[PDB]
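Below you'll find the structure, written out as C-alpha cells, and then a few comments.
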Amino acid sequence: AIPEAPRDXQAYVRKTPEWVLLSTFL
Amino acid sequence: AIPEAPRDXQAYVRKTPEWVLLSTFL
Amino acid sequence: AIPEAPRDXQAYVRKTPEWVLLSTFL
C-alpha cells in the first residue's frame with residue numbers, strides 16, 4: 001500500500017511507484 | 001496508513017503527514 | 001486506503017478521494 005511521504009517538510013505529488021517532489025515541477 | 005484528503009473538491013499535495021492545498025504553492 | 005496512482009509516468013494529486021493529474025490544476 002502506498003506509504004506516508006518523507007517526514008521532511010517538503011510537498012510531494014504521486015507518480016507511478018514514487019512520491020516525487022512538487023519542486024521538481026514548480 | 002495514509003488517510004484521505006478533505007472531501008472538498010480541491011487538489012492536495014502531501015507534505016510530511018499533512019494534506020496541503022496545492023493552491024498555497026501558486 | 002489510498003490506492004496507487006495510474007502507473008503512467010504522470011504526476012497526480014489528490015482531489016477528494018481520487019487521483020487527478022497535477023497538470024489539470026496548473
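All residue names refer to the C-alpha cells as shown: chains lettered A, B, ... in order, residues numbered from 1 in each chain, ligands numbered from 1 in order.
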
At most 8 Å is the cut-off: for each residue in chain B with any atom that close to an atom of chain C, write down the nearest atom pair and the distance in Å rounded to one decimal, counting only C-alpha atoms, chain first then increasing number, as JSON lines.
{"residue": "B:1", "atom": "CA", "partner": "C:1", "partner_atom": "CA", "distance": 7.1}
{"residue": "B:2", "atom": "CA", "partner": "C:2", "partner_atom": "CA", "distance": 6.9}
{"residue": "B:3", "atom": "CA", "partner": "C:1", "partner_atom": "CA", "distance": 6.8}
{"residue": "B:4", "atom": "CA", "partner": "C:17", "partner_atom": "CA", "distance": 6.5}
{"residue": "B:5", "atom": "CA", "partner": "C:16", "partner_atom": "CA", "distance": 5.9}
{"residue": "B:6", "atom": "CA", "partner": "C:16", "partner_atom": "CA", "distance": 6.0}
{"residue": "B:7", "atom": "CA", "partner": "C:16", "partner_atom": "CA", "distance": 4.6}
{"residue": "B:8", "atom": "CA", "partner": "C:16", "partner_atom": "CA", "distance": 6.1}
{"residue": "B:9", "atom": "CA", "partner": "C:16", "partner_atom": "CA", "distance": 5.3}
{"residue": "B:10", "atom": "CA", "partner": "C:15", "partner_atom": "CA", "distance": 5.3}
{"residue": "B:11", "atom": "CA", "partner": "C:15", "partner_atom": "CA", "distance": 4.6}
{"residue": "B:12", "atom": "CA", "partner": "C:14", "partner_atom": "CA", "distance": 5.2}
{"residue": "B:13", "atom": "CA", "partner": "C:13", "partner_atom": "CA", "distance": 5.7}

Please write the residues from the selection above to a file, keeping N, CA and C atoms, as a tab-separated table (two decimals), in the first residue's frame.
chain	number	residue	atom	x	y	z
B	1	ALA	N	-1.60	4.14	8.36
B	1	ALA	CA	-1.88	4.16	6.89
B	1	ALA	C	-2.27	5.59	6.52
B	2	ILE	N	-1.84	6.04	5.34
B	2	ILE	CA	-2.13	7.39	4.92
B	2	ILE	C	-3.63	7.60	4.80
B	3	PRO	N	-4.15	8.64	5.44
B	3	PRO	CA	-5.57	8.93	5.39
B	3	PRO	C	-5.96	9.76	4.17
B	4	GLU	N	-7.26	9.79	3.92
B	4	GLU	CA	-7.83	10.58	2.83
B	4	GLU	C	-7.69	12.07	3.06
B	5	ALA	N	-7.65	12.79	1.94
B	5	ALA	CA	-7.68	14.25	1.93
B	5	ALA	C	-9.09	14.72	2.21
B	6	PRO	N	-9.23	16.00	2.57
B	6	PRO	CA	-10.56	16.54	2.79
B	6	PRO	C	-11.47	16.38	1.59
B	7	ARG	N	-12.74	16.15	1.88
B	7	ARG	CA	-13.74	15.93	0.84
B	7	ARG	C	-14.31	17.27	0.37
B	8	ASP	N	-13.46	18.08	-0.25
B	8	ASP	CA	-13.82	19.44	-0.62
B	8	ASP	C	-13.63	19.78	-2.08
B	9	UNK	N	-13.25	18.80	-2.91
B	9	UNK	CA	-13.15	19.03	-4.35
B	9	UNK	C	-11.88	19.71	-4.80
B	10	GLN	N	-10.95	19.99	-3.88
B	10	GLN	CA	-9.75	20.72	-4.18
B	10	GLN	C	-8.56	19.79	-4.24
B	11	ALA	N	-7.56	20.21	-5.01
B	11	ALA	CA	-6.29	19.48	-5.11
B	11	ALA	C	-5.42	19.66	-3.86
B	12	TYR	N	-4.93	18.55	-3.35
B	12	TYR	CA	-3.98	18.50	-2.22
B	12	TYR	C	-2.72	17.75	-2.62
B	13	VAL	N	-1.61	18.26	-2.12
B	13	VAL	CA	-0.31	17.59	-2.15
B	13	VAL	C	0.00	17.06	-0.76

Backbone-only DSSP, strand (DSSP E) members of chain B, as an mmCIF file with C-alpha atoms, in the first residue's frame:
data_model
loop_
_atom_site.group_PDB
_atom_site.id
_atom_site.type_symbol
_atom_site.label_atom_id
_atom_site.label_comp_id
_atom_site.auth_asym_id
_atom_site.auth_seq_id
_atom_site.Cartn_x
_atom_site.Cartn_y
_atom_site.Cartn_z
ATOM 1 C CA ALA B 11 -6.291 19.476 -5.109
ATOM 2 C CA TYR B 12 -3.976 18.496 -2.221
ATOM 3 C CA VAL B 13 -0.308 17.590 -2.149
ATOM 4 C CA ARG B 14 1.305 15.552 0.633
ATOM 5 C CA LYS B 15 3.694 17.477 2.877
ATOM 6 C CA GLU B 18 -0.480 16.615 6.125
ATOM 7 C CA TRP B 19 -2.558 17.182 3.026
ATOM 8 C CA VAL B 20 -1.828 20.780 1.978
ATOM 9 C CA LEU B 21 -3.778 22.647 -0.693
#
